[PDB]
Each structure stands twice: as C-alpha cells, then as structure tokens.
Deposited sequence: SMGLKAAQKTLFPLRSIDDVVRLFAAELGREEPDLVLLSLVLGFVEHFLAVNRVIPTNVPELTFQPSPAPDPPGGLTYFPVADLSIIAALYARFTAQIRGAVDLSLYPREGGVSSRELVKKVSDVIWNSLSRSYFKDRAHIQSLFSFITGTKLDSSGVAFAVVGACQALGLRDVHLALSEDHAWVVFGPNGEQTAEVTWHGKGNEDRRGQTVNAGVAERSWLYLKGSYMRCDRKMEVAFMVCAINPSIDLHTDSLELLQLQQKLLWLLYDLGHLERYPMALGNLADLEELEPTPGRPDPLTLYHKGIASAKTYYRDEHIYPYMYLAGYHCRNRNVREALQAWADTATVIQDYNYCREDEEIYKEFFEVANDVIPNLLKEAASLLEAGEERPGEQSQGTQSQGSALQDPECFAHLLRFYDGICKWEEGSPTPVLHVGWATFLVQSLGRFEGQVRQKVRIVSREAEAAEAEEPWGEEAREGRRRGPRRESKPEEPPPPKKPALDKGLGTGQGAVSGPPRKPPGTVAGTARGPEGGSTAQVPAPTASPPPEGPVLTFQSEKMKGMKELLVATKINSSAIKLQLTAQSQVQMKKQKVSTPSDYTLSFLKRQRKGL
C-alpha cells in the first residue's frame, strides 16, 4: 500500500536525499521496489549541475496506474492459494501480463531501458528489466514468496516455499520452463545451479548495479557515477552487497575510477568479490576474476593479470560451450586475441632496451590456454579455430626460448594439463624453437568435440 511514512519522507532533489530514501526503505522486511525503482529510472532517463526535478505527483500517478493494471489483470481469487505458497499459474499470468504490456518493436538492446521508470512510461524493456518488473509487480501483489534469480548474465524469477520450483520467465538475449535441463547441459548461462537466490535486499542491490551511466558511446555522466558510488557504499555498509560479487566488482571499478578516502582500495574489494565467489558459489562465477584481470590490465603489471586470466580459465574449465552462452565466448575471444597479444607486445617492447623472462608468467598463459581447451572438450560447439591458433603461436613467440624451457609439465613452476589437446603441446612447445605448423594443426583439429 501507499504508506504515509513513504509520503512523509518527502524526497528532495539531492543525491543524499536518494541515499536517505534508500536507507529508510532498507529498514523494513520488504522494501518498496517499484517506488525506488521508478525514482532511479526517472532520474536516469531524464538525465540521459541541473539535478532532475523530483516530482512526487508523477511518480505517484505512475505507481497508481501500474498498481491498477496489475490488480485488474491479476486477481488472487482467480487461482487457488496454498496457504502461503504461490502457484505456477499465478506467476505465469503475472509474466504474461507484463509481457503483454510491451509492444512489437523491441528495444534492440538499447541503453537506459533497465529500470521500471521507462517500462511504466513506455513499451520497451530488456530481459533483466522484464524479470525485475515481474518481481516488482508480484511484490506489489502481496506475493512475497517469489524471488528473482540471477545467473552471471541470464536473469529469471524463482518461486515456491524454498525456491525449489524455477521458471525462466524471460527470454535469452517462452515464459515457463524449468532450469534443471539447462543445469544438466553445464552451460555458463545457468552456472550449474550456482546462481544466486536474491531477496529484496538483493533486489535493491540489482537496482543499484543496473544503473548505466554511459550517456552514449563516448560520453559519461559523473553525477550518475557519484550516485552509484554513494548508494553502493551504503548498501555495502549494510552488508547486503556481500553475497553479490558483481556488486563488489562494480564498486571497486567505481573506486578506481575516482578514489574516495576512508574506504578500502579497489584491489581489496576485488579480492573480497573473488572470495565471495570462492565460498558461496563453489567457485563457479567468472566475472569476478575478469574484473580483477581487467583491473590489472589497466596497469602495467602483467604478472598478476595473466595469473587472474589463468584463474578465469580454471573457472571455465568445468563448463561446456553451447550456442546459448555466446557472450562468455566473445569475452574470452577478446581477451585471448586482442588484449593479451597487445599486452605481451608492449611488455616485449619494454624488454627490448621484467614482465617477460619469468617462467611463472608463461605458466599462467599456458594454464589459460589449457583451461580454454578443456572448456572446448565435450562441447556441442567447437571453440578453437585458426583465429585462436595464430595468436596463440604469436603469444608463445613473445617469450624467449630459455625462458620457456624452465617449465615442467607433469601428469620454474610445475604445471599439469587437464586437457587432451595440450597433451601434445606438452612436448611440441617448451622447445628451443616453436613449431608453429604443428601447434596450429593440433589446435585447429576438431577432436574432443561432440555433435
């Protein structure tokens, strides 16, 4: 309901006003998602120092219209209630109504459409935005037993007493299907069931993480960055962000983008994120490690960067590649073929009158490629082709022969291979002169691939 306290808060036109509103909404067992969601969306969409004029009348009108639509479309008396458990048909109808609110012309992945402020005032909404709109409407409906589920990329809504029943209410960038089939395929879109289970605190975390300060391809808004910094730091002071590794990574990125005294350095927050991934999700998240690796890539320290990328490969070792999770493949392809070649080239140029001459850096690179190869094996779709082979040969070339020779491939640091393709390189490479033809022939072979 429209609380009198929430109206008495009287949010003014100030960032600290938004922070205080978030703090007040985070004192109850269930914060008003649509209220804070619409406020953040309005500020972003209007902006995307002339602070947006916060108008309680327009927000109230939009909230009333949304509530009327949700109540008229979805009524509790139309379906049975199991004494505090929501049924599948209820959530299915909620999702159907939320999708029917949209139009035929899709968003085309356009930016600034990740919040409910645009969705209520328009007919465009992205996948995560659609799932969060479903959750917010369900919460306004009084069905609190349902919760949003976040994979690394794909977002959906879980429900039931303990979240035992799942339904991917939103497409992949189709309303009700189980997640067990997707987990059975060992695909990164589902994290093998290790996706986080989000509560309303985590919903506030998602709303603050989803803010996109990019005005366009070139220009950004500093006020949005400062807002996100304040909100994220407050929510971390609450401790809620602790379970959300992407939140810690984004907060560290903001901190390094603009330092703030009295708060831990970005590297500490990155390590805290990777540790939260290490404990709570059975070391299955990938983006924490790529956050840390990108942070090291920003600076001229390639040892830890390659170590983090090798760690990312060890994370991705277990999965199987399919057409569904193309995004992780595109990020690994970018990393392996555009940033590592350039990073090693710059390091070699610095060496030519160190980053190279270190056996450990070479071992990290070999473990990264070994993780990629292990990822490929057993996958329905092939991962490696000539585009990978040329840059792998180049990257092995950047290292000197005697440097590579101080490496031990068992079963200078010791390093073992879990992948079948690298069982030939275990002697083909780590020789005085690299045989490019054999390496490319071994890599580009379509073995260890199912179809």
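Where C-alpha coordinates are absent, the deposited sequence of this PDB chain has the segments 1-2, 51-76, 202-206, 387-402, 461-548, 589-611.
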